[PDB]
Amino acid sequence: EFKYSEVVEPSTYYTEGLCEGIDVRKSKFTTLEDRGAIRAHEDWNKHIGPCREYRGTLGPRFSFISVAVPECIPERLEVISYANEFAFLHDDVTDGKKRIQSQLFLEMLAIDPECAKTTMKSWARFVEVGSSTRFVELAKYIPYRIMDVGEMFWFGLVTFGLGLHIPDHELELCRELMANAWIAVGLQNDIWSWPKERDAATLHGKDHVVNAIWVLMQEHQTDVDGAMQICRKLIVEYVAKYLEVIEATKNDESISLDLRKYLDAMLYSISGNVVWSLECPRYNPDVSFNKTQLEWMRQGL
């Protein structure tokens, strides 16, 4: 079942109890994410503007894709990391000679035509219905944040990296079974991106912060630490909830073999998001990169 990654020893990483019952798996080719990610920096620095040693998907020990999508097809590992950085590089713009990224798309047709064609169209619904605020109730924030984190982007990204062909009729079915998983990673990110996003709202003149922490502070009339405790409590529960879905969806043949794989692959995106966000320079400024990672950022590839 797993032939592209290994299980990381539980006594070597911190979980904070936010992914109980899930193994932490790391891609056996993590150096491919580096080159793919760093080349996105260089292409950024060469075509749109300054970009050197950017803190995004990369980590010194756990890079996002290498640990969130550990069973990614090795030959596709570089190009997925290339796209993931541009995703990270664009979310910061959210918070033009850039149309010359058709080289990314055309590269994916050289690998898999049908998988890419759906993914590119999966990103159509993402980009086009993304541009179209301020939440004080959590029940209303969950539907929004589910989109704002990038579910459609991730769907097209993983399915290509795993080579999954889900029939067009299960597309509405799939999104209604990873609700608990997507709520989990959404609250997780809102906790660890909170400092950089709270600092962000301080400059724009924002009286609000589009973050679960701020939302909970308004809805429950509590402070920062009070919201953190509530948020962490919900994550554990929603993580548990999704784990029940897995055992229930283990044996249905009307379910695609691919979709059944994709549901299982969502587990390690949860455990991966935990170990990554706890170390990544994106949320942890004081953390430095690898010798190898730097040597390619400074000296190039």
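Start at 1 and count along the sequence shown; that's the residue number.
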* Asked: Count of coordinate-less deposited residues separating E107 and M108, as none, 1 to 3, 4 to 9, or 10 or more?
  -> none
* Asked: Between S132 and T133, how many deposited residues lack coordinates (none, 1 to 3, 4 to 9, 10 or more)?
  -> 4 to 9
* Which is higher in the entry, the mean Cα B factor of 256-264 or that of 229-237? -> 256-264
* Name the higher of the two by mean Cα B-factor in the PDB entry, 83-91 versus 202-210. => 202-210
* Out of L77, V224, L157, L171, which shows the largest CA B-factor listed in the entry? -> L171
* Which of these, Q218, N180, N189, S122, has its C-alpha atom at the highest B-factor, as the entry lists it? -> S122
* Using the B-factors in the PDB entry, rank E33's C-alpha atom against the chain and give the third, lowest, middle or highest. => middle
* To do: Comparing against every modelled residue in the chain, figure out the third that the C-alpha B-factor of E42 lands in (lowest, middle or highest).
  => lowest
* Sorting the chain's modelled residues by C-alpha B-factor, tell me whether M152 ends up in the lowest, middle or highest third. => highest
* **Modelled-residue ranking by C-alpha temperature factor, third containing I73** => middle
* Select lowest, middle or highest to describe the third in which the CA B-factor of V8 falls within its chain in this entry. => middle
